[PDB]
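Engineer: Sequence below, structure please.
(chains A, B, C, D, E, F, G and H, ligands or ions: 9)
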Amino acid sequence: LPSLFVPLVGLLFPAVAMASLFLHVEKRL
Amino acid sequence: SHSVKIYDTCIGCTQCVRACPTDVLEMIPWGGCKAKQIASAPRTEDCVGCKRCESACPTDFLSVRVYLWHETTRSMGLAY
Amino acid sequence: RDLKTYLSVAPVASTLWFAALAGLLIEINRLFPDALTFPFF
Amino acid sequence: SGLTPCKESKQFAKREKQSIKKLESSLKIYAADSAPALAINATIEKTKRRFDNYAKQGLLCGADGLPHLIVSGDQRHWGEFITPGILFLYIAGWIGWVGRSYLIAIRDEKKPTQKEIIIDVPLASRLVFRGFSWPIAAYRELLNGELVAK
Amino acid sequence: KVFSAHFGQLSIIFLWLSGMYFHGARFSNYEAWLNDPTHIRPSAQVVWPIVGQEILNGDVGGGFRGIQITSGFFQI
Amino acid sequence: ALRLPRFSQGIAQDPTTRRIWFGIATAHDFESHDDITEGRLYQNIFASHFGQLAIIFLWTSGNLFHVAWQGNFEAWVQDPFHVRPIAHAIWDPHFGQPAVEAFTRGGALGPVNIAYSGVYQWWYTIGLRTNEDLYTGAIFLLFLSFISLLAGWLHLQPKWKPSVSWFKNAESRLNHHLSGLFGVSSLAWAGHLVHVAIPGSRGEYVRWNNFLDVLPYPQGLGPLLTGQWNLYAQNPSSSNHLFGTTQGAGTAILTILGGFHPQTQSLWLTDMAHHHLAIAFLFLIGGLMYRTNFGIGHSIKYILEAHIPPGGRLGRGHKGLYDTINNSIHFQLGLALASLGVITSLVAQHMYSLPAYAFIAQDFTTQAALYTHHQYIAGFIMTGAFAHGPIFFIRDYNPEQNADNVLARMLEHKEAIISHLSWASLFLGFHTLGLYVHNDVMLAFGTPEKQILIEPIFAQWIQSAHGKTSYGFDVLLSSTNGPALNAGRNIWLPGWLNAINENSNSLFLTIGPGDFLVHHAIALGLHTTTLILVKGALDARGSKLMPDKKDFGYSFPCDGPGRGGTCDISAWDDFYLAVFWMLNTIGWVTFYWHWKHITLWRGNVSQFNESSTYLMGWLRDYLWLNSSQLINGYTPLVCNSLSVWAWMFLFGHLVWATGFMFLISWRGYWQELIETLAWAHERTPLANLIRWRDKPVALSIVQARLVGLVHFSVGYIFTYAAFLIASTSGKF
Amino acid sequence: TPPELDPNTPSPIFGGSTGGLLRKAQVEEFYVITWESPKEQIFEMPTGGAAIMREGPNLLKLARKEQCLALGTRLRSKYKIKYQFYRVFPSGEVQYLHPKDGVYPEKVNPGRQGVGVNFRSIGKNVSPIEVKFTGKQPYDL
Amino acid sequence: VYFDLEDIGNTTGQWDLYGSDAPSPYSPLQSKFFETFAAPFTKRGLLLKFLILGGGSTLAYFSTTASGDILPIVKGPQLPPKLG
Ligand code: CLA
Ligand code: CLA
Ligand code: CLA
Ligand code: CLA
Ligand SMILES: CCCCCCCCCCCCCCCCCC(=O)OC[C@H](CO[C@@H]1O[C@H](CO)[C@H](O)[C@H](O)[C@H]1O)OC(=O)CCCCCCCCCCCCCCCCC
Ligand SMILES: CC1=C(/C=C/C(C)=C/C=C/C(C)=C/C=C/C=C(C)/C=C/C=C(C)/C=C/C2=C(C)CCCC2(C)C)C(C)(C)CCC1
Ligand code: SF4
Ligand code: SF4
Ligand SMILES: [Ca+2]
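Structural biologist: Numbers count the residues shown, from 1 in each chain, chains lettered A, B, ... in the order given. Ligands and ions are numbered 1, 2, ... in the order given. Shown next is the structure:
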């Protein structure tokens, strides 16, 4: 049942994305 | 910080300097008017941008202008 | 009292004016009601 | 004019009929010799008069059964739009012209605002009837109608 | 200033009360309502027959045409 | 640079949370970025353009993939009238058992969404028949989306970046966009029609495997080059023709019958192939007007310089206007958006009246959706057109270089323009509302005969000129002795006259006094929104209250409380104001459209004609009436398949009202509130172990209006969409 | 002329307030305002409610400066007082802010030199396009 | 209470208020058990990856299921308006 791509888009991608953005945003070169 | 300029249109009334809550302007000798003085913005780093200065200018058009620029802690009026 | 006349002709002048207008309009309607057209030509 | 004249519209007749029956229904509770009865009978007589005039003045009606107005300019219906309108523009022009006569009388004076919040009624009464011949504003237009500075 | 202003306020309230009692005397069905309070609608304002407003004088009972009031004055 | 956003140093040195907020809303404003040059400006845009095309190609690729994988289509092709197209499948763990039951429709195996975009009718008309066709199409767009990214990356490389003067080569681009992008594209589209689309509507399947040894026409290209093109219109499809089959099928590939195919109620495929072929000519020849490298053509500049009416009533006319536009990308975007906004509305008003897709007219929800869709898109586009216009005046407008030309004279008499727009708005407003209220009082006093119902005879006269039998009038095409009629006699007219006088279709619908009033509302909406926008544009560089409104830019919070107070005095802020009015205008337009149509589909045009003349009628007989099945999506007793629309309906109301907070309450209140919370965090044990890296502050003055407007807009759009779809699809 | 220096001088009588210094004072900056009082007096605190001036030299630490001027301005009128305020920093360096040039800013002083003044006054500034792409800004000129 | 440039920290109330500073109340060995068994998660970065990849796939794994709602189930579908 491919409909299990939903969580990946639904949650995993968002979590990774958020974490990454958060890090990039708080970075101090 | 914010940007604040003065123009030879100034008449030396001195009202803005009296109006400013953070001591940004001051008066300096000049010879372009009967008052013989003109405003100056030597400490624009402490300005907040409330424009109380502008609100107090009687020139036809403001002789003191405040151009809101990059925000700093000082300009954001933060006590924290 | 000059002065009383002066209180008058203020925005009380508006209400006296509009009350007169309202009256006139009302009487006209009472006299000529439901008019959707000018039929005298 | 895809409509039919009201005089010969069934829907227009059904409305007059239905309206009168509604008012007559109310007539029943009050009995005869009575204040409400006379009031309702007066509305009924005012109702009949209304519909009677609309038909009488050749107003078309729509499938809805209600008159509709022709504003195209057609000669049979000037009463519908054009005649009343000219009447308006006369009055509107009157009011505006008198209002502008006052400001010019007031403008070169003392504190001009003083007579804008406290009306000079002697002056106003002097200028009100000048609006009667306001379309001779046209002749001011041939010279001093509007300011040249702008 | 505020003391006389209160007199001015009271004057209005008394004038306002004067009207509600008056309208309950000239333009109301209180005497009708007094016999059959459970069915007759309390009303204390009649409208002039201009421009079509008389429709607002509805069936409030008691052989009376008017506007139903919800002030509560009849029960007072 | 140092940290985000590193296209702007001064904003990265912000110690507050404002740096993040503003870092996102200025990411595309390339001109305001640090160390920007004209070179990097055109290159960034050019690259973004490929990125945009890549997303578009990818987006459509998704729709194709999902319709093929989760939609019937094939089932829909056999029964267009009696099969609901499927958008895609629903997989939601939050779904209760009932919701899964209620939603599994269209003969699917599980819960699905029903498509209302109309891609089914489009692809069926286009020639697509099976899922295999859809997949290869999806592959093709996925491919096109890749080469878009690939080309965007390529021209960002130093040895492939185009110079600025290349971007400013106007005559070359126009010669190619007219001739190639418009012409050849349209020419080749008619090719698809006569090869695949038209034969597909006649039962024969022409794909890549067999489009070479198969003729689109018996005489096969002979007559085209011969000059006797008339042969391609010799034998059109019959009046008893059935779409997709040979029953009644003709041989013609290029006709001009006019009107509709009886079965599908849509424009003839042979009418549209001809249409694009004819189009491609005026475009192909049209794209040879301007000069390039062959010693022939026009200098666009020299034309503008030459167009100065003697007696100088337009001053210096259009001189210098070439560089004014070619140097300013905002002027170009403004022109682009305005033009695009108009034909976006043109699309809306033509696709409901003259359907081009088979069996699309019968689908009422799709027809309602698509119309409302484009009218809001068009509306948003129109405000943007009037936003970059102002931006142009501030950032790119050169007063000396536009001395006394038509553009300068606009600013020169700006007060006159603004005051008359104000008069027109006031005139329309005072009377349209005036007449509506008068009629409401008559209905209130129970005397509908006293209403003011003005017949729209001007527009009725137009419809008659088109050939509508109603109203009479005996106008052109409505009169037997008319030169215009006998000229088009038995070409497009029999098809046209038949269609315009069919009582089912939306081809020039009958209009009455109720149509008169709403149109003036519409007129009111247009004039006011324009009044706001052009007052914004023409005052962008200054006013009496703020002579130097330039120097401060397009968007700034204000100019303080001095000189009376100057809130919402920036050109950005009247945009902000105008969006409200444009939302109000399009709202009136779509209310008008949807009510007129649901009453038509219901066979009850009487209800619209008698209730649209007073405003209580709109509230009661349109909004209150059609909300019945919608708000019963879920119930203390059950849930329906309309439950999602009921939920979204409230969602819209919520977002809408949430925006009222940002618009009514302003910043100083929230700043003082937050600093008391700043105190709390530091003075709370266990919690002050954790410190914020960005200083918490209230949203800025402009940011508030943006956030507020977005909520207001999102709520607006989501609320009406929930109502439009549910009330329609619940009844169909 | 050299500014005054401090500091070991006492501070006024207060009971405690929530408007007081925070982490910003610890890691960014904080301010001090100082004055001479003729009598032991009561005054309204900008941050808090009410405090008692102490006769003689007085020292107050406030966050933000504006608080310093607001109190100081109040000190000048209301009661006649002479005040000064400095910027502390966290390292320990201190910076004299106001008055900063002998005399107050309202009064013209000869020592002062102008900053940010444009001799072509008016709104004779150039259009934004003119400086487009030039880091400059029209007013800066 | 005080104010010395010498000691700004103390001047601006930088006090470790509720800080303990006391010795460890935890019994040893217990600490050592936790110090050797929780050690892999203390490296950072790697913990971030272990939680993403681990949490991601662990989540995926519960893809598999029954009494969630994977059953439109034997229920005669309605038409249910003009039909379809
Ligand atoms: C597309 C995004 C998405 C997805 C796939 C889900 C999925 C789910 N939600 Mg969530 N939710 C979302 C968005 C989403 N939600 C949003 C936007 C909101 C705000 C409105 C919520 C608010 C919400 C609430 C209040 C609840 C859910 C619940 C659920 C679960 C209900 C089904 C069930 O009972 O089975 C099984 C039930 C279980 C408890 C199985 C547990 C699943 C295991 C433990 C997963 C392991 C943890 C995971 C790996 C860690 C994440 C790692 C990752 C971030 C990298 C299901 C897992 C319910 C729930 O989870 O129950 C407590 C519930 O209470 N959702
Ligand atoms: C061809 C189309 C087009 C293009 C290329 C541009 C390009 C530009 N615009 Mg224009 N604009 C357009 C159309 C266009 N616009 C239209 C149609 C309108 C009317 C709505 C506007 C109104 C407008 C204004 C008022 C402004 C611009 C500005 C700009 C410039 C900066 C853009 C930026 O970085 O901000 C980045 C944008 C974002 C990060 C988007 C965030 C906010 C959006 C609206 C929220 C998203 C909607 C919402 C989340 C939907 C989800 C809801 C959910 C529940 C489903 C840039 C040159 C700005 C400018 O002049 O420069 C100073 C400026 O202030 N535009
Ligand atoms: C339903 C609410 C509402 C109404 C009625 C209006 C009405 C108007 N707007 Mg506003 N607008 C609104 C909401 C509304 N707007 C919202 C939410 C926004 C977003 C902030 C805006 C933003 C906006 C802008 C930027 C502009 C307007 C303008 C206008 C005027 C347009 C011209 C016109 O219609 O002439 C007709 C007048 C009306 C329809 C209102 C008159 C009301 C009655 C009928 C007057 C008669 C009074 C009657 C005697 C009763 C008296 C009561 C008694 C107590 C005295 C008009 C006054 C434009 C303008 O100023 O025009 C030049 C303008 O540029 N609007
Ligand atoms: C707590 C309530 C709740 C929650 C958590 C959900 C959650 C979901 N629903 Mg359900 N729904 C609900 C209530 C809820 N619903 C109710 C009451 C009804 C009526 C009965 C429905 C009816 C319904 C239907 C018909 C469908 C769903 C679907 C879905 C899934 C969407 C899958 C997806 O696109 O991925 C991700 C989400 C998105 C792509 C949309 C997010 C939009 C954002 C705001 C765009 C802006 C992002 C911005 C740029 C910031 C980016 C940052 C970020 C990347 C970190 C998701 C699991 C759909 C489904 O099954 O999937 C195929 C489906 O078709 N729902
Ligand atoms: C301020 C106070 C002091 C000022 C007063 C000083 C001036 C004093 C003058 C008073 C003199 C009174 C004159 C009496 C006149 C008679 C009145 C009369 O005849 O009754 C009204 C009469 C009709 O009257 C009818 O007469 C019939 C004849 O026997 C019967 O009597 C009927 O009963 C009666 O109804 O005519 C009208 O003028 C009514 C016509 C209405 C016109 C409306 C058409 C407009 C509607 C459509 C247009 C839409 C416009 C919108 C445009 C924008 C669209 C986008
Ligand atoms: C043949 C035909 C016809 C035709 C008509 C016509 C002729 C048309 C048209 C039309 C038109 C006539 C249109 C228009 C329009 C418009 C618009 C929509 C506008 C706009 C705009 C804008 C937005 C602007 C902006 C700007 C600014 C403001 C500044 C400067 C720059 C710019 C320019 C950008 C008819 C129907 C009769 C009949 C049938 C057929
Ligand atoms: S206030 Fe205005 S006028 Fe008075 S000095 Fe300052 S600038 Fe010159
Ligand atoms: S703006 Fe406020 S702070 Fe900046 S100078 Fe004018 S007065 Fe002083
Ligand atoms: Ca038709």
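
Engineer: going forward, measure contacts between C-alpha atoms and count neighbours the same way
Structural biologist: Noted.

Engineer: How are the helices of the chain distributed by residue range?
Structural biologist: Assuming you mean chain A. Under the criterion DSSP state H, helices of chain A are mapped to A:6-7, A:13-26.

Engineer: ah, no, chain D please
Structural biologist: Going by DSSP H, chain D shows helices at D:10-27, D:35-56, D:82-107, D:114-117, D:121-127, D:138-141.

Engineer: Dump those helices into a markdown table; add distance to ligand 2 and mean neighbour count as well.
Structural biologist: Shown next, in a markdown table, are the helices of chain D (distance: least, C-alpha to the nearest ligand atom, whole Å; neighbours: other C-alpha atoms under 10 Å in any protein chain shown):
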| stretch | distance to ligand 2 | mean neighbour count |
| --- | --- | --- |
| helix D:10-27 | 49 | 15 |
| helix D:35-56 | 50 | 17 |
| helix D:82-107 | 40 | 15 |
| helix D:114-117 | 42 | 14 |
| helix D:121-127 | 50 | 13 |
| helix D:138-141 | 44 | 10 |
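
Engineer: Distance to ligand 8 added to the ones you listed, as a markdown table?
Structural biologist: Formatted as a markdown table, the helices of chain D follow (distance: least, C-alpha to the nearest ligand atom, whole Å):
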| stretch | distance to ligand 8 |
| --- | --- |
| helix D:10-27 | 71 |
| helix D:35-56 | 70 |
| helix D:82-107 | 39 |
| helix D:114-117 | 37 |
| helix D:121-127 | 49 |
| helix D:138-141 | 51 |
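
Engineer: And these: which comes nearest residue E:25?
Structural biologist: Residue E:25 sits nearest to helix D:35-56 of all those, at 17.1 Å, using C-alpha to C-alpha.

Engineer: my guess is residue F:382 contacts residue F:335, does it?
Structural biologist: No: using C-alpha atoms under 8 Å, residue F:382 makes no contact with residue F:335, being 10.2 Å away.

Engineer: These two: which is more packed in?
Structural biologist: residue F:382 (24 against 17; other C-alpha atoms under 10 Å in any protein chain shown).

Engineer: check contacts around residue C:37.
Structural biologist: Counting by C-alpha atoms under 8 Å, 6 or more residues apart in numbering or on different chains, residue C:37 touches D:79-81, D:84.

Engineer: Residue F:419 now?
Structural biologist: No contacts exist for residue F:419 under C-alpha under 8 Å, 6+ apart.

Engineer: Doesn't it lie inside a helix?
Structural biologist: Yes: under DSSP: H, G, I helix; E, B strand; the rest coil, residue F:419 sits within a helix.

Engineer: Distance check, residue F:498 against chain B.
Structural biologist: 66 Å (C-alpha to the nearest C-alpha, to the nearest Å).

Engineer: Where is the longest helix in chain E?
Structural biologist: When chain E is scanned for its longest helix (criterion: DSSP H), the result is helix E:2-23.

Engineer: and that one, how far from the chain's centre?
Structural biologist: 17 Å (C-alpha atoms, centre = their mean, to the nearest Å).

Engineer: on contacts alone, who are the packing partners of that helix?
Structural biologist: In this structure, helix E:2-23 makes packing contacts with no helix or strand, judged by 3 or more C-alpha pairs under 8 Å, 6 or more residues apart in numbering or on different chains; DSSP states H and E.

Engineer: tell me which residues in it are buried?
Structural biologist: For helix E:2-23, the neighbour count (16 or more other C-alpha atoms under 10 Å in any protein chain shown) marks residue E:23 as buried.

Engineer: try stretch F:616-627
Structural biologist: Buried, per 16+ other C-alpha under 10 Å, within stretch F:616-627: F:616-618, F:621-622, F:626-627.

Engineer: Then stretch F:112-120?
Structural biologist: Counting neighbours by 16+ other C-alpha under 10 Å, the buried set in stretch F:112-120 is F:112-120.

Engineer: from these, which ones fall inside strands?
Structural biologist: Judged by DSSP state E, strands contain the following of the buried residues of stretch F:112-120: F:112-114.

Engineer: need these in TSV with distance to residue F:414, can you?
Structural biologist: Output for these, formatted as TSV (distance: C-alpha to C-alpha, whole Å):
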residue	distance to residue F:414
F:112	55
F:113	52
F:114	51
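
Engineer: Throw the residues you listed into a markdown table and include distance to ligand 9, thanks.
Structural biologist: Shown next, in a markdown table, are those (distance: C-alpha to the ion, whole Å):
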| residue | distance to ligand 9 |
| --- | --- |
| F:112 | 35 |
| F:113 | 32 |
| F:114 | 29 |
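
Engineer: Please identify which of these is nearest to ligand 5.
Structural biologist: Among those, residue F:114 lies closest to ligand 5 (C-alpha to the nearest ligand atom), at 42.7 Å.

Engineer: excluding its backbone neighbours, what's nearest that closest one?
Structural biologist: In this structure, residue F:114 finds its nearest non-sequential neighbour in residue F:86, 4.4 Å apart by C-alpha to C-alpha, 6 or more residues apart in numbering or on different chains.

Engineer: How about the contacts made by that neighbour?
Structural biologist: By C-alpha under 8 Å, 6+ apart, the neighbours of residue F:86 are F:67, F:70-73, F:106, F:112-115.

Engineer: again, 7 Å this time
Structural biologist: F:67, F:71-72, F:106, F:112-115 (C-alpha atoms under 7 Å, 6 or more residues apart in numbering or on different chains).

Engineer: Can you add distance to residue F:561 and give those back as JSON lines?
Structural biologist: Putting those into JSON lines (distance: C-alpha to C-alpha, whole Å) gives the following:
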{"residue": "F:67", "distance to residue F:561": "58"}
{"residue": "F:71", "distance to residue F:561": "60"}
{"residue": "F:72", "distance to residue F:561": "63"}
{"residue": "F:106", "distance to residue F:561": "61"}
{"residue": "F:112", "distance to residue F:561": "56"}
{"residue": "F:113", "distance to residue F:561": "53"}
{"residue": "F:114", "distance to residue F:561": "54"}
{"residue": "F:115", "distance to residue F:561": "52"}
